[PDB]
Structures are given as structure tokens and as C-alpha cells.
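A look at the structure
Below, each chain spelled out in residue letters.
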Amino acid sequence: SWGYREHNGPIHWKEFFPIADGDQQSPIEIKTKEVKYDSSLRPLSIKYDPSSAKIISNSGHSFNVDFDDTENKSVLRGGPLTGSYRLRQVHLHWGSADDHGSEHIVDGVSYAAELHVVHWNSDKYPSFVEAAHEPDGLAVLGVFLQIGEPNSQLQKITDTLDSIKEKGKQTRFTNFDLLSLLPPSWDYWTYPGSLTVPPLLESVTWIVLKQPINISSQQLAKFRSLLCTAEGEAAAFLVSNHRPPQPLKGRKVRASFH
Ligand SMILES: NS(=O)(=O)c1c(F)c(F)c(S(=O)(=O)CCc2ccccc2)c(NCc2ccccc2)c1F
Ligand SMILES: [Zn+2]
């Protein structure tokens, strides 16, 4: 029963998930003056098939778009990764107001929201759930969202939100154009970290894109009408679902670009 309310939110997660105070926790603050370009990163390769998307659901902590994950039709390769990481899921973090809501923060700048694209190493591991317990098991792309003119590529998502208002609701979601949610430039920072939700496993290679995409205020507010509660339960709203940055504790952040 972890969440982002007073009693169950990020400050208390260490109570049930001791790795919360680990050495490779996410998200982080990126201090660009201390980041080093790395010419050894390969081009990032994103191959995504809209037909791989299957369902969207309200997990109680965000919406999750889940992808068919026994095929290599949608994979992330290149960059800092060895081998092929299979697309598993997309979800979004925001705050209760537009001025902050991202998980990563760049030279003290906090965007309105942050989209995460979760992939796992099917070249080494038998399932997403196994790969989540391995250091090179997961790769997550982060995209920032900044308040600006509305983004038409969010429509397929926002159109489904009334249907998944309560925790545990789901609805069919295919032919999703994920590629078009990414910004035009894919320059990124990368570092070793963790899931930003319980169980907070340290199995993620983060790839955080420098260029934000837009969202309007009116679009972002729709996400905050989702509930963190199930049907028949006193309603509570998911107005904020972002973890604060954790300390780098010795890790260094690399950049794809100079
Ligand atoms: N913030 S994040 O991008 O790190 C991330 C993930 F990488 C991730 F894989 C997930 S998850 O839905 O696949 C659940 C995490 C997990 C992984 C392996 C074993 C157990 C749990 C969520 N979170 C969305 C979510 C949270 C809770 C319940 C259902 C979905 C998630 F938020
Ligand atoms: Zn996330």
C-alpha cells in the first residue's frame, strides 16, 4: 500500500523497501558542468511498432500502457546498451502543480511531467520480472514534458482516461504511435540507477533525453483526475506521483553529445 500521500509517500518508502536509501537510486539531479561527453556511446536505435501496444490501465500510481513483450518488434538498442532491450511499458509522472513534477532535475530545472519508456534485456533474461532484479536488466528512456502548446500525440492517451478512472481499470490500447511522443533530438544523459517506485530495484540503465516535449496545462490536469483508489472505495486523486531526486553517491553521469 505504498503511494504518494502523506502517510505512504516517498519519505516512508524506506520503511518497507530498505534499498530506498541505496547507492544507485533514482531519480537524480544532473549537474551538466560535471557531465562528460562519451564518444564510445553508439547511436541510439529505436525501432517501435504501434501494433505492439496492447492495453492501458490505471495501476493506482500512474497509467501504464503495456506492450506485447515476447516479440522483438519494438526494441531499444545502441546508446549505452549491450544487446537488445524489449519495450515493456510506458507511464507518466507529474506533480500537483505545473511548475514541478518531473523526477529528474537538470541544473535545478524541474519540468511539468516526465514520461518513462521501460525496456528489458531479453537477450539475457527470461522475463521482465527476472530482468528487474539484475544490474543490466532494465533500460528506461526518460522524456521531459514542459508546459507549452497542446500536444496532439497525447490524444490517444487522454481520450482513455475517463475509462480508466479507478485503480485496476483497463482498456484496449493498440496502434499507438510512441515514436512521435519523443522529441526531435535524442541527445541524452545516461547513468546507472533504479526503479523510481517500490520495489526500487537497482537494475536500470537510465537514458534521459535532454530536449523536452510539450504538454498544455489543460492536458496535464486530466492526469490528475485519475484515482489512486479502486471502485467502491472512498475516492482519492492521483494529483502527484513523482519521487524526489536521490543523491548520486559517487556515480557519474555521461552525455551522448558535446
Ligand atoms: N519510474 S520507472 O520508470 O522506474 C518504473 C519502471 F521502470 C517500472 F518497470 C514500473 S512497473 O509497473 O513495471 C512495476 C515495477 C516493478 C518491477 C519489477 C517487479 C515488481 C514491480 C513502474 N511502475 C508502474 C507500476 C507501479 C505499481 C504497480 C503497477 C505498475 C515504474 F514506475
Ligand atoms: Zn517512472
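The name given to the chain in the PDB entry is Carbonic anhydrase 13, with Homo sapiens as the source organism. According to its PDB record, this entry is titled "Crystal structure of human carbonic anhydrase isozyme XIII with inhibitor". What UniProt records for the chain under Function is the sentence "Reversible hydration of carbon dioxide." Per its UniProt entry, the chain bears the Sequence similarities comment "Belongs to the alpha-carbonic anhydrase family."

1. Thoughts on the UniProt feature "binding site: substrate" in the chain
As recorded in UniProt, the feature "binding site: substrate" lies at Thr196 and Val197. Of the annotated positions named here, the largest pocket is lined by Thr196 and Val197. Counting through the fold element by element, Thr196 comes out in the loop between β12 (188-193) and β13 (204-209). With sequence-adjacent residues up to four places away left out, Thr196 is seen in contact with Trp13, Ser26, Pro27, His93, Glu103, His116, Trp206 and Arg243. Positionally, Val197 belongs in the loop between β12 and β13. Judged by its relative accessible area of 24%, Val197 falls in the partly exposed class. Aside from chain neighbours lying at most four places away, what touches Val197 is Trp2, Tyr4, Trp13 and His93.

2. So, the pattern of salt bridges
All chains considered together, the criterion is met by eight salt bridges. Between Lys249 and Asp23 there is a salt bridge, with its nearest N and O atoms 3.9 Å apart. On the criterion of sequence distance, the pair formed by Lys249 in the loop between α3 (217-223) and β15 (254-255) and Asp23 in the segment before β1 (29-30) is long-range, its members being 226 residues apart. Exposure remark for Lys249: the relative accessible area of 46% places this residue in the partly exposed category. Overlapping salt bridges bring together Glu166, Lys169 and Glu231 as one network.

3. Let's talk about the pairing of strand β7 (residues 85-94)
Of all 10 residues that make up β7, nine are buried, and the element is covered over most of its length. Of the strand pairs in this sheet, strand β5 (residues 63-67) and β7 are connected by three bridges, and their pairing is antiparallel. Following the sheet pairing, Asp66 is matched in β7 by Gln89. As judged from the two bridges shared by strand β6 (residues 75-79) and β7, these two strands associate in the antiparallel manner. Across the sheet, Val75 pairs through a bridge with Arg86, a residue of β7.

4. So, the packing of aromatic side chains
One pass over the structure, following the stated rule, counts nine aromatic pairs. Measuring from centroid to centroid gives 5.9 Å for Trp2 and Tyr4, while their planes differ by 75°, and the two rings are edge-to-face. A single burial state applies to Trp2 and to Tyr4, both of which are buried. Judged by centre distance (4.5 Å) and plane angle (25°), the rings of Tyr111 and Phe144 are stacked.

5. With respect to the nonpolar core
Within soluble globular proteins, side chains that are nonpolar generally end up buried alongside one another. Core analysis: the largest hydrophobic core is formed by 49 residues, its most contacted members being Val65, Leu141, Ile157, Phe176, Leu178 and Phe223. Sorting elements by how many residues they give to this core places β7 first, with five residues. Those residues in contact with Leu178, other than ones at most four positions away along the chain, are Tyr48, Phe67, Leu87, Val90 and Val117.

What counts as what
Residues numbered from 1 in each chain as written, not as in the entry; some residues may be left out. Chains lettered and ligands numbered in written order. Heavy atoms only, no water. UniProt positions renumbered as here; feature names shortened; annotations may be inferred. 1 Å grid on protein atoms, 1.4 Å probe; cavity = no way out; pocket = protein on both sides within 12 Å on 5 of 7 lines; lining within 4 Å. Helix = DSSP H or I, 4+ residues; strand = E, 2+ residues; numbered from the N terminus. Contact = heavy atoms within 4.5 Å. Buried < 20%, exposed > 50% of the residue type's maximum accessible area, 1.4 Å probe, protein only. Salt bridge = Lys/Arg side-chain N within 4 Å of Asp/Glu carboxyl O. Pairing = 2+ DSSP bridges. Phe/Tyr/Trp six-rings, centres within 6.5 Å; stacked < 30°, edge-to-face > 60°. Core = buried A, V, L, I, M, F, W, Y, C linked by side-chain atoms within 4.5 Å.

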